[PDB]
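Remarks on the structure that follows.
Protein chains: 2
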Amino acid sequence: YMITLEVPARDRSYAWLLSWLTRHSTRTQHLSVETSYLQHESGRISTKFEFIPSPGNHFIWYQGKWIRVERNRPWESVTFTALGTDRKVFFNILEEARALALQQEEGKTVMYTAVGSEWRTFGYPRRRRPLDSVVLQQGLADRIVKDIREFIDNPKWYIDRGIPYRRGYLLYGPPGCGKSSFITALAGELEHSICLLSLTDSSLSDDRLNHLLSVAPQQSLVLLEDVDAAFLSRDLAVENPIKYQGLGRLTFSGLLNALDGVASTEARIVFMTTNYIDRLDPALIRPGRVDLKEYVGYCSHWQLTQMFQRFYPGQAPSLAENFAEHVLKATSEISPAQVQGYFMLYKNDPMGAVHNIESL
Amino acid sequence: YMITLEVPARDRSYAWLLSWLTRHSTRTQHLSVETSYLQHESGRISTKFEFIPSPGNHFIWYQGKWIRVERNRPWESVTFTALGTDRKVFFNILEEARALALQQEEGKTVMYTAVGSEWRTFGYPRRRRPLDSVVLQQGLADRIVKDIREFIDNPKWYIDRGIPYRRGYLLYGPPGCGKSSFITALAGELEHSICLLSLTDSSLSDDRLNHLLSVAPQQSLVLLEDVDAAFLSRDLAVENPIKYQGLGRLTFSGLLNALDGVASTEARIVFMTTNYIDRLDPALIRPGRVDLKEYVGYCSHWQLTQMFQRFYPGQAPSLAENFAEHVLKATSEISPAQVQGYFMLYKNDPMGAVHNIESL
Ligand SMILES: Nc1ncnc2c1ncn2[C@@H]1O[C@H](COP(=O)(O)OP(=O)(O)OP(=O)(O)O)[C@@H](O)[C@H]1O
Ligand SMILES: Nc1ncnc2c1ncn2[C@@H]1O[C@H](COP(=O)(O)OP(=O)(O)OP(=O)(O)O)[C@@H](O)[C@H]1O
Ligand SMILES: [Mg+2]
Ligand SMILES: [Mg+2]
Numbered sequence: 047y048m049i050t051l052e053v054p055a056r057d058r059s060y061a062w063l064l065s066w067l068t069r070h071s072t073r074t075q076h077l078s079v080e081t082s083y084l085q086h087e088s089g090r091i092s093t094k095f096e097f098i099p100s101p102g103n104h105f106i107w108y109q110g111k112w113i114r115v116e117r118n119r131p132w133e134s135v136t137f138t139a140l141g142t143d144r145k146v147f148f149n150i151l152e153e154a155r156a157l158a159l160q161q162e163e164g165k166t167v168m169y170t171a172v173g174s175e176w177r178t179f180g181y182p183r184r185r186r187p188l189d190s191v192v193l194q195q196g197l198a199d200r201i202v203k204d205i206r207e208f209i210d211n212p213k214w215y216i217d218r219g220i221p222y223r224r225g226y227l228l229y230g231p232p233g234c235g236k237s238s239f240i241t242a243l244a245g246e247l248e249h250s251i252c253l254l255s256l257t258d259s260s261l262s263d264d265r266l267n268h269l270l271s272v273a274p275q276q277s278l279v280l281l282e283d284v285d286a287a288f289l290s291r292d293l294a295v296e297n298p299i300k301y302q303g304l305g306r307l308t309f310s311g312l313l314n315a316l317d318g319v320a321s322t323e324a325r326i327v328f329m330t331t332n333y334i335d336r337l338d339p340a341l342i343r344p345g346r347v348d349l350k351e352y353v354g355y356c357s358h359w360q361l362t363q364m365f366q367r368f369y370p371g372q373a374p375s376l377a378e379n380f381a382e383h384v385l386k387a388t389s390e391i392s393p394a395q396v397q398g399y400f401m402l403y404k405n406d407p408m409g410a411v412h413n414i415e416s417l
Numbered sequence: 047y048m049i050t051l052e053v054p055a056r057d058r059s060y061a062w063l064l065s066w067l068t069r070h071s072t073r074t075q076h077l078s079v080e081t082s083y084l085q086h087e088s089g090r091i092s093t094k095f096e097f098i099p100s101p102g103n104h105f106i107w108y109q110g111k112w113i114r115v116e117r118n119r131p132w133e134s135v136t137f138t139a140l141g142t143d144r145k146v147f148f149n150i151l152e153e154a155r156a157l158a159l160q161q162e163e164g165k166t167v168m169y170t171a172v173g174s175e176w177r178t179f180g181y182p183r184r185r186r187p188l189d190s191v192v193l194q195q196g197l198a199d200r201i202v203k204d205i206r207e208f209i210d211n212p213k214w215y216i217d218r219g220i221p222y223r224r225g226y227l228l229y230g231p232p233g234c235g236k237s238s239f240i241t242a243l244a245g246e247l248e249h250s251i252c253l254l255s256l257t258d259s260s261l262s263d264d265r266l267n268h269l270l271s272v273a274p275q276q277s278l279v280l281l282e283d284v285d286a287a288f289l290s291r292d293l294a295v296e297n298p299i300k301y302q303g304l305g306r307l308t309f310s311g312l313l314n315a316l317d318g319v320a321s322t323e324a325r326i327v328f329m330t331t332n333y334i335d336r337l338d339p340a341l342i343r344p345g346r347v348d349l350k351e352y353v354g355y356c357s358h359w360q361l362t363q364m365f366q367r368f369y370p371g372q373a374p375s376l377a378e379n380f381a382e383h384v385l386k387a388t389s390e391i392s393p394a395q396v397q398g399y400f401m402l403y404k405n406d407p408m409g410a411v412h413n414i415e416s417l
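First to last, the sequence lines map onto chains D and C.
Numbered per the deposited numbering, the first sequence spans residues 47 to 119, 131 to 417.
Numbered per the deposited numbering, the second sequence spans residues 47 to 119, 131 to 417.
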């Protein structure tokens, strides 16, 4: 007579338990190697040999209980066998795992991915990009931030009238203007998590897409990159239905219903990005599916001035005006990425980038 | 000499027994983790650790009978082994499961889905949308409600003359007018259940479609979304037979016979939705397969007035007339979804949406 807690692979606290188990690797006869390397120079690579507990029956001595944990071997099922019937030690283990895991993810952003029909983490947590480091047009980031915050802070008003509690944003513009960078900065600012979804995958279907959109982690953003490339439309729409034009078992109607239909879930934010606004079917970007659409474009006077004052702090304000005037006189349109590269050429050299502005 | 009740996966009361078993999880040596999370803020996520009984041979103490329940492990078969030959405990268990399950589904709508050749539930029951929250044209929802109620309440008249006891409705219009929302509201009002069916699935055939249409749950609605996209027609029909145009092993004649043929079942309601009424073959929408067809269109004066008086309750009636007049003068055609979004911009701000009506 014992208690055999069974936690299979498909669990939210799976990573938390794995992290705690790696933390409590002491007193474990079976091990797995945990070496990592940091090269410095001269062929002297630092070693960091450690011990991940192997998928075995290691006996743990938590609170003097001789707890036995077994991880099997692609299907995985972790087991926490104990003595008697207490259930308190399980709660303590879960709480300690939560305390340890959330401590690790502090000041970072966790990136998930779509594996099969489920979300799994993708690498170590990434360092968040400061929001002010991304410079957009005057009064554009503030509007999006305010709209998202208002949507988050008013759930009652949605329920009191019956509208589904959902939202969606679309960003479009020329290549190299700040779409992905702004999305990353916003995710870092809002302390959310990014879920990456590809519509051209070879293992995605309508039912799997609906399940993925239904089981998305809480306090997270869903990102759809280049929705146009997954469905040719417009000129085709005048003659025949919208073909899928790719590899994967997906249909236009399935995606349309999944984004906003009858079985769509609640409390979800979806971001979409494209480079050809005119290649998107009108039914896809109608209100209800895309509440706010914004255009990010080429540089302007204020944007160039802010970029200059950001890359060379401490300089006099006249230099920024000189740089902006010269850039806008020498060329008409320019992308922020090109300006960033040109600045990267002249590292820590103010008044040097104000002279060699020949980039026609 | 015992009694071994066997209930495989393909049963209607399967969910009821699973819910009862989760209710009676006490005195079970083997367990499975039942933790859920509700984020609040500051990285403080509430834990709800519980215990779903694992697929094991847990010994239950219902009525002091030492009942043994075993769930195997994709094929599933639940077993209720008991002592002697009584069969009374089985009646009591089924009745308690029914009492518990129907208690949970109160005021909600259950959404089913097509898995293989059987209907299975899809997530938690969803909150029902009030019917008055969806505003359609004058005297349109009432007609459909009355027709459906008349069909439900008169089975004798159908039998006494020999007509098959079936019905079907079709809704068509511009994208973003209220088709799906009205269907959801009607399903909530009628205390029915929604079954989602996709005609472009990669595992659908004529025999499977017939089986699914024959085994649909009682007191339920069958929904076919975007029937046009599954069969190109019209201009093709003038030259060659109807092609399927997609992925899946289905034919036009198979669908036509399944909807209304010789083997079609009785007491079934089917809803169909499309955006291009002119792309549907005449044989598909003939009487007998689609009894009532209705058109949902753009906004009108009364619809706009009702929407305004719904989103801002307590306002004077003149404001609604002013808003309707200004909207209809500034623009001719406008979808209700755009009106909903424009109202969503001005939250709790009457007399503000009556001034900034520039949405051309
Ligand atoms: N507004 C901006 N301010 C600062 N850096 C920017 C800005 N826009 C782009 N960059 C820089 O350009 C590089 C890539 O930008 P990013 O990937 O966000 O562009 P994009 O417009 O989303 O491109 P693509 O459409 O090809 O995905 C990064 O080094 C990023 O810092
Ligand atoms: N008549 C209406 N009254 C109130 N809200 C409406 C109405 N029509 C649409 N909406 C709102 O529009 C949004 C989506 O509407 P819905 O999905 O029902 O439109 P649809 O015409 O069925 O669209 P699609 O053809 O793309 O499926 C929801 O927020 C819903 O509340
Ligand atoms: Mg990018
Ligand atoms: Mg709809």
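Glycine is no exception: its CB is placed at the ideal position from the N, C-alpha and C atoms.
- Around ligand 3, the residues whose beta-carbon falls short of 6 Å from at least one of its heavy atoms are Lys236(D), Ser237(D), given in chain order.
- In the three-state reduction of the DSSP assignment, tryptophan 132(C) falls in the coil class, being assigned neither a helical nor a strand state.
- Counting only the Cα atoms, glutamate 248(D) lies some 40 Å from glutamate 246(C).
- Cβ neighbours of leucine 193(D) within its own chain (closer than 7 Å, five residues either side excluded): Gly235, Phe239, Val353.
- Taking a cut-off of 8 Å on C-beta distances, the region 221-231 of chain C does not touch the region 207-218 of chain D, as fewer than three cross pairs fall below it.
- If you draw a 10 Å sphere on the C-beta of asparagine 314(D), you find 16 or more other C-beta atoms in it, and that means buried.
- Using a Cβ-Cβ cut-off of 8 Å, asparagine 211(D) is close to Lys404 of chain C, given in chain order.
- Taking 7 Å as the cut-off, one finds no heavy atom of ligand 2 near enough to the beta carbon of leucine 402(C).
- With fewer than 16 other Cβ atoms inside 10 Å of its own Cβ, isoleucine 334(D) counts as exposed.
- For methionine 168(C), the residues of chain D that pass the 8 Å Cβ criterion are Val319, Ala320, in the order they occur in the chain.
- Short note on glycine 318(D): C-beta closer than 7 Å to some heavy atom of ligand 4.
- Look at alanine 381(D): its beta carbon is at least 7 Å from all of the heavy atoms in ligand 1.
- Relative to ligand 1, the nearest heavy atom lies less than 7 Å away from the CB of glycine 233(D).
- When secondary structure is reduced to three states using DSSP, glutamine 276(D) falls in the coil class, being assigned neither helix nor strand.
- Following the DSSP letters along the chain, one finds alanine 244(D) inside the alpha helix (DSSP H) bounded by residues 236-246.
- Contact between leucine 256(C) and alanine 287(C) holds, since their C-beta atoms are separated by about 4 Å, short of 8 Å.
- Per DSSP, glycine 89(C) has no beta bridge partner at all.
- Inclusion of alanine 394(D) in the 7 Å shell around ligand 1 follows from its C-beta lying nearer than that to a non-hydrogen atom of the ligand.
- Those residues of the region 98-116 of chain D placed with their C-beta closer than 9 Å to a C-beta in chain C do not exist.
- With a 10 Å radius around the Cβ and a threshold of 16 neighbouring Cβ atoms, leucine 417(D) comes out exposed.
- Against chain D, the beta carbon of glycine 233(C) has neighbours under 7 Å at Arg343, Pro344, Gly345, listed in chain order.
- When DSSP assignments are scanned along the region 153-214 of chain D, the uninterrupted stretches of alpha helix (DSSP H) that are 4 or more residues long and fall wholly within it turn out to be 198-210.
- Beta bridge pairing from DSSP links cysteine 252(C) with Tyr169(C), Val279(C).
- Under a criterion of Cβ atoms nearer than 9 Å, the residues of chain D adjacent to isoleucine 251(C) are, in order, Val319, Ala320.
- In summary, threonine 72(D) is exposed, with fewer than 16 beta-carbon neighbours lying within 10 Å of its beta-carbon over all protein chains present.
- Counting along the chain, the unbroken alpha helix (DSSP H) around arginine 69(D) starts and ends at 60-69.
- Only those residues of the region 74-85 of chain C whose C-beta falls short of 7 Å from the nearest C-beta of chain D are listed: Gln75, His76, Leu77, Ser78, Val79, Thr81, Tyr83, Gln85.
- By the Cβ neighbour-count rule, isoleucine 326(D) is buried, with 16 or more other Cβ atoms within 10 Å of its own.
- Residue-level contact by beta carbon fails for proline 370(D) and chain C, as no gap is shorter than 8 Å.
- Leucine 385(C) and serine 250(C) have their C-alpha atoms spaced approximately 38 Å apart.
- In the DSSP secondary-structure assignment, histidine 268(C) is not bridged to any residue.
- Between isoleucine 240(C) and chain D, the shortest Cβ-Cβ separation is below 8 Å.
- Between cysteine 356(D) and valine 295(D), the gap from beta carbon to beta carbon reaches 8 Å or more.
- Within its own chain, the residues whose Cβ lies closer than 6 Å to the Cβ of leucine 188(C), once the five positions on either side in sequence are excluded, are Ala242, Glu246, listed in chain order.
- Taking a beta-carbon distance threshold of 8 Å, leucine 227(D) does not count as an interface residue toward chain C.
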